Peer 1: 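My questions will all concern the structure given below.
Order of the sequence lines sets the chain letters (A, B, ...), proteins ahead of strands, with each chain counted from 1.
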Amino acid sequence: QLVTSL
Amino acid sequence: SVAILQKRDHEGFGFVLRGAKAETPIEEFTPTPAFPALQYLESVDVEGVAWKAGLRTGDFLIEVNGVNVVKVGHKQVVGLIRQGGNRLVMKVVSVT
């Protein structure tokens, strides 16, 4: 998985 | 539910997106109420844009600006979110 702050 | 988020140039939307990498959509993953999509909101910042619009930790991301992203890889979903700039229309499902 990837995790991105938006 | 649908949330229409409008942020200013200088802020974020106030949520952390998490989910499967893929680069090319894959494939016959079948959503179910328990796992309705590949990407979800790991967290939402209180007093952020998403939180004020009622999005919550654990919400699964179904559509971005009208495009179904249930089976779409994380990079590509981020790209679609960035394409919209300061406006983001999100459809979500609460697995709660």
Peer 1: Do B:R82 and A:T4 have side chains that get closer than 4.5 Å, going by heavy atoms?
Peer 2: yes
Peer 1: More than 12 heavy atoms of other residues, nucleotides or ligands under 6.0 Å from CD of A:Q1: yes or no?
Peer 2: yes
Peer 1: So which heavy atom on B:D59 is nearest to which on B:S94, and how close?
Peer 2: OD1-OG, 2.7 Å
Peer 1: Donor-acceptor pairs are to be reported for all side-chain atoms of residues 24-34 of chain B against protein atoms at under 3.5 Å, with residues two or more places apart or in another chain.
Peer 2:
unit_1	atom_1	unit_2	atom_2	d
B:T30	OG1	B:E28	O	3.2
B:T32	OG1	B:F35	N	3.3

Peer 1: Could you tell me which non-hydrogen atom of B:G14 sits nearest to which non-hydrogen atom of B:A50, and how far apart they are?
Peer 2: O-CB, 4.2 Å
Peer 1: For B:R8, check salt bridge (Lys or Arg N to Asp or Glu O under 4.0 Å) against everything at least two apart and list the hits.
Peer 2: B:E11
Peer 1: Provide the closest heavy-atom pair for B:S43 versus B:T57 in the form atom of the first, atom of the second, distance.
Peer 2: CA-OG1, 3.6 Å
Peer 1: List in chain and number order the residues that pass side-chain contact (heavy atoms from CB on, under 4.5 Å) with A:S5, two or more places apart in sequence or in another chain; answer none if no residue qualifies.
Peer 2: B:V16
Peer 1: Any idea which heavy atoms bring B:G73 and B:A22 closest together, and the distance?
Peer 2: CA-CB, 3.7 Å
Peer 1: How about B:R87 and B:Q6: do any of their side-chain heavy atoms sit closer than 4.5 Å?
Peer 2: yes
Peer 1: Please write out which residues are connected to B:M90 in a hydrophobic cluster, directly or through intermediates, given that two of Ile, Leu, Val, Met, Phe, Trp, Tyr count as joined at side-chain heavy-atom separations below 4.5 angstrom.
Peer 2: A:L6, B:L5, B:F13, B:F15, B:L17, B:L41, B:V44, B:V46, B:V49, B:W51, B:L55, B:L61, B:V64, B:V67, B:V69, B:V72, B:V77, B:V78, B:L80, B:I81, B:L88, B:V92
Peer 1: Are B:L38 and A:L2 co-members of a hydrophobic cluster defined by side-chain heavy atoms under 4.5 Å apart?
Peer 2: no
Peer 1: Who pairs with B:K52 by salt bridge (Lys or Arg N to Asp or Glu O under 4.0 Å), at least two apart in sequence or on another chain?
Peer 2: B:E47
Peer 1: Show me the pairs that pass side-chain hydrogen bond (donor to acceptor under 3.5 Å, both in side chains) and involve residues 61-73 of chain B, at least two apart or across chains.
Peer 2: none
Peer 1: Counting only N and O atoms by type, is there a donor-acceptor contact under 3.5 Å from the side chain of B:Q39 to the main-chain atoms of B:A20?
Peer 2: yes
